[PDB]
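What follows is a set of notes on a single structure, which appears directly below.
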Amino acid sequence: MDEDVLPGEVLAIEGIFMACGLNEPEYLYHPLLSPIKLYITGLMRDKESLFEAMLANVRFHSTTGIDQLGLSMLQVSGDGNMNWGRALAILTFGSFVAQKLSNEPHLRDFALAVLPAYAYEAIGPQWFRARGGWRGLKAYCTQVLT
């Protein structure tokens, strides 16, 4: 069709999370280098203790319940100062949950109709146009602490 290693902004996360989240190839990475890979990998590491309690120690009540909890980041992040943690909350969540969705696609359904839409929607045109460039978040992930 037109696979130019960048068919869409959100489409990249919606797929790599619900589609690739099940199997992350460590041989070749055609799409985004590693901006979300590191971002999600970092949170999933610590946040795991939290998710493991909701996912593993209980059946996540679909997106209806989680949305208000996680997605709420948008209602609060309507216009702040660099809140990567917010978008990262639902973003990384998609990756982690993506693994736990193999048995329950309930959360995998909204992730498609919400993660991408809210990802850029909440992020903001400017925030994305400026910061949302992959190369930035990927390089910033290390700049945060060296």
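Ordering of the structure tokens sets the chain letters (A, B, ...); residue numbers start at 1 within each chain; ligands are numbered from 1 in the order shown.
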Set the distance at 12 Å and use only C-alpha atoms: which residues neighbour region 134-141 of chain A once local chain neighbours fewer than 3 positions away are removed? I'd like the list as number ranges by chain. A: 6, 9-10, 12-13, 31-43, 82, 84-85, 88, 127-131, 144-146
Enumerate the residues of region 48-109 of chain A with a DSSP assignment of helix (DSSP H, G or I), computed from the backbone, and present them as a PDB file with N, CA, C and O atoms, in the first residue's frame.
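Okay, states_19.pdb is ready:
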```
ATOM      1  N   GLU A  48       4.582  -2.723  37.145  1.00  0.00           N
ATOM      2  CA  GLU A  48       4.191  -4.131  37.143  1.00  0.00           C
ATOM      3  C   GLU A  48       3.555  -4.531  38.471  1.00  0.00           C
ATOM      4  O   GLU A  48       2.516  -5.190  38.498  1.00  0.00           O
ATOM      5  N   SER A  49       4.182  -4.126  39.569  1.00  0.00           N
ATOM      6  CA  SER A  49       3.674  -4.442  40.899  1.00  0.00           C
ATOM      7  C   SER A  49       2.228  -3.979  41.052  1.00  0.00           C
ATOM      8  O   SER A  49       1.449  -4.582  41.792  1.00  0.00           O
ATOM      9  N   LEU A  50       1.875  -2.907  40.350  1.00  0.00           N
ATOM     10  CA  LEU A  50       0.523  -2.365  40.411  1.00  0.00           C
ATOM     11  C   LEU A  50      -0.419  -3.134  39.490  1.00  0.00           C
ATOM     12  O   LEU A  50      -1.465  -3.618  39.921  1.00  0.00           O
ATOM     13  N   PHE A  51      -0.044  -3.242  38.218  1.00  0.00           N
ATOM     14  CA  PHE A  51      -0.861  -3.953  37.241  1.00  0.00           C
ATOM     15  C   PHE A  51      -1.066  -5.407  37.652  1.00  0.00           C
ATOM     16  O   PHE A  51      -2.182  -5.921  37.609  1.00  0.00           O
ATOM     17  N   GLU A  52       0.017  -6.067  38.046  1.00  0.00           N
ATOM     18  CA  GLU A  52      -0.048  -7.464  38.456  1.00  0.00           C
ATOM     19  C   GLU A  52      -1.144  -7.687  39.497  1.00  0.00           C
ATOM     20  O   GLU A  52      -1.701  -8.780  39.599  1.00  0.00           O
ATOM     21  N   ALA A  53      -1.447  -6.650  40.272  1.00  0.00           N
ATOM     22  CA  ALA A  53      -2.473  -6.743  41.304  1.00  0.00           C
ATOM     23  C   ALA A  53      -3.872  -6.622  40.708  1.00  0.00           C
ATOM     24  O   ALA A  53      -4.813  -7.267  41.171  1.00  0.00           O
ATOM     25  N   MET A  54      -4.004  -5.790  39.682  1.00  0.00           N
ATOM     26  CA  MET A  54      -5.291  -5.580  39.026  1.00  0.00           C
ATOM     27  C   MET A  54      -5.557  -6.654  37.975  1.00  0.00           C
ATOM     28  O   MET A  54      -6.676  -7.144  37.843  1.00  0.00           O
ATOM     29  N   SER A  62     -12.952  -4.731  32.231  1.00  0.00           N
ATOM     30  CA  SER A  62     -12.915  -4.095  30.916  1.00  0.00           C
ATOM     31  C   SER A  62     -12.420  -2.654  31.002  1.00  0.00           C
ATOM     32  O   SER A  62     -11.880  -2.230  32.021  1.00  0.00           O
ATOM     33  N   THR A  63     -12.607  -1.910  29.915  1.00  0.00           N
ATOM     34  CA  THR A  63     -12.179  -0.517  29.852  1.00  0.00           C
ATOM     35  C   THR A  63     -13.118   0.405  30.625  1.00  0.00           C
ATOM     36  O   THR A  63     -12.723   1.491  31.042  1.00  0.00           O
ATOM     37  N   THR A  64     -14.363  -0.020  30.808  1.00  0.00           N
ATOM     38  CA  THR A  64     -15.338   0.792  31.523  1.00  0.00           C
ATOM     39  C   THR A  64     -14.781   1.281  32.856  1.00  0.00           C
ATOM     40  O   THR A  64     -14.907   2.457  33.198  1.00  0.00           O
ATOM     41  N   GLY A  65     -14.170   0.373  33.611  1.00  0.00           N
ATOM     42  CA  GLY A  65     -13.611   0.738  34.900  1.00  0.00           C
ATOM     43  C   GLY A  65     -12.234   1.371  34.796  1.00  0.00           C
ATOM     44  O   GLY A  65     -11.967   2.396  35.424  1.00  0.00           O
ATOM     45  N   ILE A  66     -11.355   0.753  34.013  1.00  0.00           N
ATOM     46  CA  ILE A  66      -9.994   1.253  33.841  1.00  0.00           C
ATOM     47  C   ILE A  66      -9.973   2.637  33.195  1.00  0.00           C
ATOM     48  O   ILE A  66      -9.217   3.512  33.613  1.00  0.00           O
ATOM     49  N   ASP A  67     -10.799   2.824  32.172  1.00  0.00           N
ATOM     50  CA  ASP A  67     -10.871   4.099  31.463  1.00  0.00           C
ATOM     51  C   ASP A  67     -10.954   5.271  32.437  1.00  0.00           C
ATOM     52  O   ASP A  67     -10.111   6.168  32.419  1.00  0.00           O
ATOM     53  N   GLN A  68     -11.973   5.260  33.286  1.00  0.00           N
ATOM     54  CA  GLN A  68     -12.166   6.324  34.263  1.00  0.00           C
ATOM     55  C   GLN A  68     -10.932   6.499  35.145  1.00  0.00           C
ATOM     56  O   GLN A  68     -10.637   7.602  35.604  1.00  0.00           O
ATOM     57  N   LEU A  69     -10.219   5.404  35.384  1.00  0.00           N
ATOM     58  CA  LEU A  69      -9.023   5.438  36.220  1.00  0.00           C
ATOM     59  C   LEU A  69      -7.809   5.951  35.449  1.00  0.00           C
ATOM     60  O   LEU A  69      -7.215   6.965  35.812  1.00  0.00           O
ATOM     61  N   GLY A  70      -7.436   5.236  34.391  1.00  0.00           N
ATOM     62  CA  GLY A  70      -6.284   5.627  33.600  1.00  0.00           C
ATOM     63  C   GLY A  70      -6.586   6.731  32.604  1.00  0.00           C
ATOM     64  O   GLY A  70      -5.920   7.765  32.599  1.00  0.00           O
ATOM     65  N   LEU A  71      -7.583   6.512  31.753  1.00  0.00           N
ATOM     66  CA  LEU A  71      -7.956   7.500  30.744  1.00  0.00           C
ATOM     67  C   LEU A  71      -8.199   8.869  31.381  1.00  0.00           C
ATOM     68  O   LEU A  71      -8.059   9.902  30.726  1.00  0.00           O
ATOM     69  N   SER A  72      -8.553   8.878  32.663  1.00  0.00           N
ATOM     70  CA  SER A  72      -8.807  10.126  33.374  1.00  0.00           C
ATOM     71  C   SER A  72      -7.645  11.105  33.206  1.00  0.00           C
ATOM     72  O   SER A  72      -7.830  12.318  33.302  1.00  0.00           O
ATOM     73  N   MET A  73      -6.450  10.577  32.952  1.00  0.00           N
ATOM     74  CA  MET A  73      -5.270  11.416  32.770  1.00  0.00           C
ATOM     75  C   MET A  73      -5.544  12.535  31.771  1.00  0.00           C
ATOM     76  O   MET A  73      -4.970  13.620  31.867  1.00  0.00           O
ATOM     77  N   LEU A  74      -6.421  12.264  30.811  1.00  0.00           N
ATOM     78  CA  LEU A  74      -6.767  13.248  29.792  1.00  0.00           C
ATOM     79  C   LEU A  74      -7.577  14.392  30.392  1.00  0.00           C
ATOM     80  O   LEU A  74      -7.239  15.563  30.217  1.00  0.00           O
ATOM     81  N   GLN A  75      -8.647  14.047  31.099  1.00  0.00           N
ATOM     82  CA  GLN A  75      -9.504  15.048  31.726  1.00  0.00           C
ATOM     83  C   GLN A  75      -8.689  15.988  32.610  1.00  0.00           C
ATOM     84  O   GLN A  75      -9.035  17.157  32.774  1.00  0.00           O
ATOM     85  N   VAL A  76      -7.605  15.468  33.177  1.00  0.00           N
ATOM     86  CA  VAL A  76      -6.741  16.260  34.045  1.00  0.00           C
ATOM     87  C   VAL A  76      -5.577  16.866  33.267  1.00  0.00           C
ATOM     88  O   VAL A  76      -5.068  17.928  33.623  1.00  0.00           O
ATOM     89  N   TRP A  84       4.283  13.426  30.102  1.00  0.00           N
ATOM     90  CA  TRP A  84       4.510  12.149  29.439  1.00  0.00           C
ATOM     91  C   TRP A  84       3.983  10.998  30.287  1.00  0.00           C
ATOM     92  O   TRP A  84       3.508   9.991  29.761  1.00  0.00           O
ATOM     93  N   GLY A  85       4.067  11.153  31.605  1.00  0.00           N
ATOM     94  CA  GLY A  85       3.591  10.119  32.505  1.00  0.00           C
ATOM     95  C   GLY A  85       2.138   9.765  32.258  1.00  0.00           C
ATOM     96  O   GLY A  85       1.741   8.609  32.401  1.00  0.00           O
ATOM     97  N   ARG A  86       1.345  10.764  31.884  1.00  0.00           N
ATOM     98  CA  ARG A  86      -0.072  10.556  31.612  1.00  0.00           C
ATOM     99  C   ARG A  86      -0.260   9.634  30.409  1.00  0.00           C
ATOM    100  O   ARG A  86      -0.651   8.472  30.554  1.00  0.00           O
ATOM    101  N   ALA A  87       0.033  10.157  29.222  1.00  0.00           N
ATOM    102  CA  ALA A  87      -0.092   9.375  27.999  1.00  0.00           C
ATOM    103  C   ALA A  87       0.629   8.042  28.151  1.00  0.00           C
ATOM    104  O   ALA A  87       0.197   7.023  27.611  1.00  0.00           O
ATOM    105  N   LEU A  88       1.725   8.059  28.902  1.00  0.00           N
ATOM    106  CA  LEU A  88       2.507   6.855  29.145  1.00  0.00           C
ATOM    107  C   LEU A  88       1.709   5.863  29.981  1.00  0.00           C
ATOM    108  O   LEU A  88       1.853   4.649  29.832  1.00  0.00           O
ATOM    109  N   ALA A  89       0.866   6.391  30.864  1.00  0.00           N
ATOM    110  CA  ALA A  89       0.042   5.555  31.727  1.00  0.00           C
ATOM    111  C   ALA A  89      -0.831   4.615  30.905  1.00  0.00           C
ATOM    112  O   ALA A  89      -0.816   3.402  31.115  1.00  0.00           O
ATOM    113  N   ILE A  90      -1.592   5.175  29.968  1.00  0.00           N
ATOM    114  CA  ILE A  90      -2.463   4.361  29.124  1.00  0.00           C
ATOM    115  C   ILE A  90      -1.672   3.675  28.015  1.00  0.00           C
ATOM    116  O   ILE A  90      -2.037   2.589  27.565  1.00  0.00           O
ATOM    117  N   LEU A  91      -0.580   4.303  27.586  1.00  0.00           N
ATOM    118  CA  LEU A  91       0.262   3.732  26.539  1.00  0.00           C
ATOM    119  C   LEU A  91       0.930   2.456  27.041  1.00  0.00           C
ATOM    120  O   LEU A  91       0.654   1.359  26.550  1.00  0.00           O
ATOM    121  N   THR A  92       1.800   2.606  28.036  1.00  0.00           N
ATOM    122  CA  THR A  92       2.490   1.462  28.614  1.00  0.00           C
ATOM    123  C   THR A  92       1.478   0.420  29.064  1.00  0.00           C
ATOM    124  O   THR A  92       1.668  -0.779  28.859  1.00  0.00           O
ATOM    125  N   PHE A  93       0.392   0.893  29.668  1.00  0.00           N
ATOM    126  CA  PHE A  93      -0.665   0.011  30.134  1.00  0.00           C
ATOM    127  C   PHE A  93      -1.090  -0.928  29.015  1.00  0.00           C
ATOM    128  O   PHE A  93      -1.310  -2.117  29.236  1.00  0.00           O
ATOM    129  N   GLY A  94      -1.192  -0.381  27.806  1.00  0.00           N
ATOM    130  CA  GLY A  94      -1.579  -1.178  26.661  1.00  0.00           C
ATOM    131  C   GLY A  94      -0.616  -2.319  26.408  1.00  0.00           C
ATOM    132  O   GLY A  94      -1.033  -3.431  26.090  1.00  0.00           O
ATOM    133  N   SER A  95       0.677  -2.042  26.553  1.00  0.00           N
ATOM    134  CA  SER A  95       1.703  -3.061  26.342  1.00  0.00           C
ATOM    135  C   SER A  95       1.603  -4.156  27.402  1.00  0.00           C
ATOM    136  O   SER A  95       1.498  -5.342  27.085  1.00  0.00           O
ATOM    137  N   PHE A  96       1.630  -3.746  28.665  1.00  0.00           N
ATOM    138  CA  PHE A  96       1.538  -4.686  29.774  1.00  0.00           C
ATOM    139  C   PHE A  96       0.252  -5.500  29.680  1.00  0.00           C
ATOM    140  O   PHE A  96       0.280  -6.733  29.636  1.00  0.00           O
ATOM    141  N   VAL A  97      -0.875  -4.801  29.647  1.00  0.00           N
ATOM    142  CA  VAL A  97      -2.168  -5.456  29.555  1.00  0.00           C
ATOM    143  C   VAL A  97      -2.262  -6.298  28.290  1.00  0.00           C
ATOM    144  O   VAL A  97      -2.869  -7.366  28.294  1.00  0.00           O
ATOM    145  N   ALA A  98      -1.644  -5.825  27.209  1.00  0.00           N
ATOM    146  CA  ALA A  98      -1.658  -6.560  25.950  1.00  0.00           C
ATOM    147  C   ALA A  98      -1.250  -8.007  26.184  1.00  0.00           C
ATOM    148  O   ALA A  98      -1.811  -8.928  25.590  1.00  0.00           O
ATOM    149  N   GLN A  99      -0.276  -8.198  27.068  1.00  0.00           N
ATOM    150  CA  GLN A  99       0.198  -9.535  27.400  1.00  0.00           C
ATOM    151  C   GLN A  99      -0.869 -10.298  28.180  1.00  0.00           C
ATOM    152  O   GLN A  99      -1.073 -11.494  27.969  1.00  0.00           O
ATOM    153  N   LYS A 100      -1.550  -9.593  29.080  1.00  0.00           N
ATOM    154  CA  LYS A 100      -2.603 -10.198  29.895  1.00  0.00           C
ATOM    155  C   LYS A 100      -3.946 -10.253  29.152  1.00  0.00           C
ATOM    156  O   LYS A 100      -4.932 -10.759  29.688  1.00  0.00           O
ATOM    157  N   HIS A 106     -11.161  -8.131  26.282  1.00  0.00           N
ATOM    158  CA  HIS A 106     -11.990  -7.003  26.694  1.00  0.00           C
ATOM    159  C   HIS A 106     -11.186  -5.706  26.718  1.00  0.00           C
ATOM    160  O   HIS A 106     -11.586  -4.707  26.119  1.00  0.00           O
ATOM    161  N   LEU A 107     -10.049  -5.726  27.406  1.00  0.00           N
ATOM    162  CA  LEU A 107      -9.191  -4.548  27.498  1.00  0.00           C
ATOM    163  C   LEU A 107      -8.463  -4.292  26.177  1.00  0.00           C
ATOM    164  O   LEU A 107      -8.034  -3.173  25.900  1.00  0.00           O
ATOM    165  N   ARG A 108      -8.328  -5.327  25.357  1.00  0.00           N
ATOM    166  CA  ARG A 108      -7.659  -5.189  24.071  1.00  0.00           C
ATOM    167  C   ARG A 108      -8.557  -4.478  23.056  1.00  0.00           C
ATOM    168  O   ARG A 108      -8.075  -3.938  22.061  1.00  0.00           O
ATOM    169  N   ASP A 109      -9.867  -4.488  23.310  1.00  0.00           N
ATOM    170  CA  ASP A 109     -10.826  -3.852  22.412  1.00  0.00           C
ATOM    171  C   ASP A 109     -10.773  -2.327  22.512  1.00  0.00           C
ATOM    172  O   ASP A 109     -10.669  -1.633  21.498  1.00  0.00           O
TER     173      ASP A 109
END
```
Quick one: pull the distance between CA of residue 103 (chain A) and CA of residue 60 (chain A), Å, one decimal.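 Taking CA of residue 103 (chain A) and CA of residue 60 (chain A), their separation equals 11.4 Å.
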Which one of A:5, A:83, A:101, A:59 sits closest to residue 19 (chain A) if you count only C-alpha atoms? A:101
Given only C-alpha atoms as the basis, pick out the residue of A:22, A:61, A:124, A:117 nearest to residue 81 (chain A).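 Once distances to residue 81 (chain A) are computed over only C-alpha atoms, the minimum belongs to A:124.
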Contacts of residue 111 (chain A) within 8 Å, only C-alpha atoms, excl. fewer than 5 positions in-chain, as a PDB file with N, CA, C and O atoms, in the first residue's frame:
```pdb
ATOM      1  N   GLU A  14      -1.063   1.781  18.596  1.00  0.00           N
ATOM      2  CA  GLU A  14      -2.227   0.906  18.670  1.00  0.00           C
ATOM      3  C   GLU A  14      -1.879  -0.509  18.222  1.00  0.00           C
ATOM      4  O   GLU A  14      -2.378  -1.488  18.777  1.00  0.00           O
ATOM      5  N   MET A  18      -1.388  -3.658  21.051  1.00  0.00           N
ATOM      6  CA  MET A  18      -2.361  -4.748  21.019  1.00  0.00           C
ATOM      7  C   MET A  18      -1.964  -5.845  20.031  1.00  0.00           C
ATOM      8  O   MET A  18      -2.384  -6.994  20.172  1.00  0.00           O
ATOM      9  N   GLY A  94      -1.192  -0.381  27.806  1.00  0.00           N
ATOM     10  CA  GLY A  94      -1.579  -1.178  26.661  1.00  0.00           C
ATOM     11  C   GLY A  94      -0.616  -2.319  26.408  1.00  0.00           C
ATOM     12  O   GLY A  94      -1.033  -3.431  26.090  1.00  0.00           O
ATOM     13  N   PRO A 116      -5.060   4.895  20.830  1.00  0.00           N
ATOM     14  CA  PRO A 116      -4.603   5.753  19.730  1.00  0.00           C
ATOM     15  C   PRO A 116      -5.290   7.115  19.716  1.00  0.00           C
ATOM     16  O   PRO A 116      -4.632   8.152  19.646  1.00  0.00           O
TER      17      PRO A 116
END
```
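Taking CA of residue 20 (chain A) as the reference point, CA of residue 56 (chain A) is found at 20.5 Å.
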Computed interatomic separation between CA of residue 58 (chain A) and CA of residue 112 (chain A) (Å): 22.2 Å
